[PDB]
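Given next, in structure tokens, is a single chain: the form deposited in one PDB entry.
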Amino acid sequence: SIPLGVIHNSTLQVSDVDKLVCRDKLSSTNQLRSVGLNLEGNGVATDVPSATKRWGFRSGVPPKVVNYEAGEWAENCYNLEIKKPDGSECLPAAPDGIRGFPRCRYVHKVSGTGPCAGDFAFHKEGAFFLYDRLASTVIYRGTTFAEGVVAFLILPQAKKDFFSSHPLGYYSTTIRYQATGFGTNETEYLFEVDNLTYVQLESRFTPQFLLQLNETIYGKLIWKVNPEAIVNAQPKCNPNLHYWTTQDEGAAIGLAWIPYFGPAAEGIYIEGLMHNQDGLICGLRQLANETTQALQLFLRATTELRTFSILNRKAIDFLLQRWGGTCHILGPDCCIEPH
């Protein structure tokens, strides 16, 4: 029951298979794609003190993982190294296939001690943690992530202008904090510039302002400084979408196709920008929000550890429903045109 959207003439509308939509032409499987949209573009607070309140510990619920094929540049990303007061670790080790989120402008690194009531860390709002084309519901230790949601789409006749070309350089900065009492409301964060020197955090501080404080300042020392679909539900929607996606299969031509003479794990992606249209992408953001209600329930029922075959099931359902059997020439069930 996962809602999916169809794009036609740069307009987005959800697909009602119950009304057996016939306008959409599904010629191949290359038109089916899933995109992961960050939760920051909706207007949420991104600083560490107000982003920690959305993660909580629970025990008794197994974790689940789903994949996505396209993403979006993240302004803020998080990296956690929290441990128990006695020295035991709180967060599980990342499995072999999990890798950090690419294309992060700033990476916030939080380390410290705090109570850890449950086995795993879950999102209080139901969203996902994105790990390099693998969306998960739990936080792993030492791996960079960004909060976001996953949407499913049908592309227009594979025009190759969407997520392959941009109708219309990467430098990552590390920001380090130290936390105490992580996981509860009594928490303290201290910004570390050089080991023996710390600055107390405030809820109104911005990632930029913390950088100039490194130059501003010049036995640990503590300092105090005094400076169809409508997106109408979201407080803000970003009118630009700067995306990345895995390389085109036909793009690589030269000898570099050999894995031995090949690019590393970070030299694969292709970048683009899609700011020309506004109604389309702010319609994408609401569709991604609306589909998370049914996606979480689907993951709970299944026993699969990592799910890779949602789009294949959608293509089978579409093809078992239109040409299901014993349909009529004049019958509207199979949208067939006699002439």
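All residue numbers are counted from 1 along the displayed sequence. For the two forms, the rigid core is made up of the largest set of C-alpha atoms that agree within 1.5 Å on superposition.
Where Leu168 is followed by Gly169 in the displayed chain, the model omits 10 or more of the deposited residues that sit between the two. Going from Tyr218 to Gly219, you skip over 4 to 9 residues of the deposited sequence that the entry leaves unmodelled.
Separately, the form deposited in another entry exists; it is not shown, and the next lines address it.
Fit the rigid core and compare the CA positions between the shown form and the other one: of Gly267, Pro259, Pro85, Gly250, just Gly250 moves by 2 angstroms or more. With a cut-off of 2 Å and the rigid core superposed, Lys19 has a Cα displacement that reaches or exceeds the cut-off between the shown form and the other one.
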